[PDB]
Structures are given as C-alpha cells and as structure tokens.
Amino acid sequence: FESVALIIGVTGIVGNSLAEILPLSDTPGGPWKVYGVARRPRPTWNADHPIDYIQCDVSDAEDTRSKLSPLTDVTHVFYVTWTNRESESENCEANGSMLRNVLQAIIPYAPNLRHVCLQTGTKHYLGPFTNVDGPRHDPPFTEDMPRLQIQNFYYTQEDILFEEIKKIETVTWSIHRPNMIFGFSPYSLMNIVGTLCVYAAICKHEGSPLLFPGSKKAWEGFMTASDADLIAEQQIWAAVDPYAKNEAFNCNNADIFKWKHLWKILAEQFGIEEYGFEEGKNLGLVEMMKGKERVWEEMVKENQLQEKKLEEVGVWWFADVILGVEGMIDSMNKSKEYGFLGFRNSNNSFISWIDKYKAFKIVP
C-alpha cells in the first residue's frame, strides 16, 4: 500500500463514495488501504467495498482511544460525519469533540500521518439553518469570505483542526465545503436524492401526481449541488497534491440548475406522467408524507425493498429546507485556479444517483 485511509463516517453520503473510490486501482495516491468508521453494524449496501469496517463512536474519547489509536499505519484521515443536536452551542460542543477525539486518538500513534481532510459545507457562509434574520453572505460564496459573527460548529471544528495540526510538523489539512449532496447513503441525515426518490416512488405507487412540495421561489430559482463522488475526488486530490495544502475549498458540480427542470427528470425516471408545481398543494414533505407508513409497507412487501422503515430513507425535514430556498450558490473559481478541474453535469449526476436507490432496492 502507498497510502492508508481512515474514513470517519464510512456509511455516510460521502463516506460511502470514498470507501468505493479509494481502493480502485487508478485512484491517485494508490494503492490504498482503507479503514472505515461508523457506529451501526455495516449495512449490506456498504458491504462490497474492500475496507476494514470499524464500529466506533467518535463522541466517546475512550472508544476512540481504544479503537482508533491501534491504527498505526494511517496516513490520511477523511472526516465526513456530524451529529445533529437541538441547539447550536450543543452542536459546537458535540461536533468539535468528535473531531478532537479522532485527531487526539490518531496523531500521537500514527507516525506516518500526512494529511487530514475535514468536510463541512455551505452553512459556513450562511450559518445554521436557524439563522433566519441574522447576518449572512451574498452568493456566490467564496472561500475567503470572512466568518459570520454568529455561532457555527464548522468554525469550532476548523479551530480545533488548526490547533491540533499546528502541534505537529508532518501533517497538512484541507477543508471541503459542499452544497446539497447528490449521493447514495440510506443512512445519511441529509439526503435530497434519496428522499425525493422515496417521495416519487410513493406517488408512482399511489398513481398520484408528482407535485412539487416546496416554494415557488425554489421552483424557479437557480441552485447548485455537489455530487458525492466529485466530493470524494476533490478530497483525494487535496490529500495527494501538495499544491492544495492548508486551504479550504468549495466543492460543487460547477453548473447551475432549476428545480423546475430536475422535477421533470425525476418524474421521467419514475414513469410519472403527471408532474408539476401547483400552489396550495406545495405543503412540504413533512406534512404531505404524514401517514404514509401503511402504503410504504405495501410497497416494500410488493417490491422486495430493503429498508422497511419509512422515516429512515424518507428524510422529509431536510428536503423541506432545500426546497424552500433559492440562489444559495458557491463559487468553484478557487478550485479551478488551484488546478482541480473536476465537474459534474447535474442532470446526469441526478439521474445516476436515482439509479442507485433503485439498484440497491431502496425504491422500486
């Protein structure tokens, strides 16, 4: 092995992309050995990746010392996880400590450690979702925009990363700020493609129209997204190319789309002939999907689906956040200037990830 990866959050929407991409023969920095961490037992859809899967709760400092410190051959860390707490100060404490626990478990014990990738996101520029009327930057967001003077666990984490890495001489860092992620992970806490697939599958089953749940402004406005494989590609790029060291990078597909346009594609992928925006019917998925447990059960049994629990893959609250906003776009100029020229056509990305939820039998 040339490099040895430790993925924190390996069943996540990016973690699962990293787990599949890192071991490939043509992957830069390769051949790679991969450790993957998460709490739950390894799910079947994650199981084919040739990694060493380690159950570890990184919020538990004892557990991380016990399970991570023995991984002495680690050369690169990819941190791609979070915990969703009910206040931002708790987010700061809990997510800061998860990252701190990982770093403090591995840095004194992995003498060949070279780099840490930290994934955050566009909330760097916007603040937490609750930041409704406070300060915020004006899109398109750029990495050199200053931090908002509002609490944000991304800032807490960055500070911890900087402080821990400063203590050692042999390690660099990179920060990666994706927008809404297009990817495959039933376990993900924020999953626009998976959740829209569940919604569309239900409409198809019911024979009811694919009605847009969100706002007129999100329907008509411009957005961008971040393909999970593309994110993995940029982290690997930063992990193996010295030119990218100690910098933060946005990471999105580098094109622009409207939900009106992707909606037609969604309907077409599911064979739904009736689709569109209808004001008054757009009530948000939390409300519109209330009471669908019975029909979901019917669909699972009829179609031999693999996740029986609707709320696991039907993550309505996040879809409702996404489909309520417009124009929250980030710039890819710094990435290109640094020589990262990865992109995705968002139409084709969307279609590709839709196919994965069908292929793994999450939806028909």
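A residue's number is simply how far along the shown sequence it sits, counting from 1.
Visitor: Comparing 285 to 293 with 80 to 88, which stretch shows the greater average C-alpha B-factor in the deposited entry?
Guide: According to the PDB entry, the answer is 285 to 293.
Visitor: Using only the Cα atoms and their B-factors as the entry lists them, report which of 245 to 253 and 165 to 173 averages higher.
Guide: Between 245 to 253 and 165 to 173, it is 165 to 173.
Visitor: Could you say which of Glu206, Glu268, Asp159, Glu233 has its CA atom at the highest B factor, as listed in the PDB entry?
Guide: When the deposited C-alpha B-factors of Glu206, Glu268, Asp159, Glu233 are compared, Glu206 is largest.
Visitor: According to the Cα B-factor stored in this entry, which of the following is highest: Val116, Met98, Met190, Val132?
Guide: If I rank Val116, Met98, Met190, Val132 by C-alpha B-factor, first place goes to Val132.
Visitor: Should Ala201 be placed in the lowest, middle or highest third of its chain by the C-alpha B factor in the entry?
Guide: Its C-alpha B-factor, which the entry lists for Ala201, ranks in the lowest third among residues of this chain.
Visitor: Would you check the entry's CA temperature factor for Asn348 and let me know if it's in the chain's lowest, middle or highest third?
Guide: For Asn348, the deposited C-alpha B-factor lands in the middle third.
Visitor: What third of its chain, lowest, middle or highest, does the C-alpha temperature factor of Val4 fall into?
Guide: For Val4, whose C-alpha B-factor we compare with every modelled residue in the chain, the answer is the highest third.
Visitor: Of the three thirds of its chain by CA temperature factor, lowest, middle or highest, which one includes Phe184?
Guide: Answer is lowest: the recorded C-alpha B-factor places it there.
Visitor: By its CA B factor, does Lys308 count among the lowest, middle or highest third of the modelled residues in the chain?
Guide: Ranked within chain, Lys308 CA B lands in the middle tercile.
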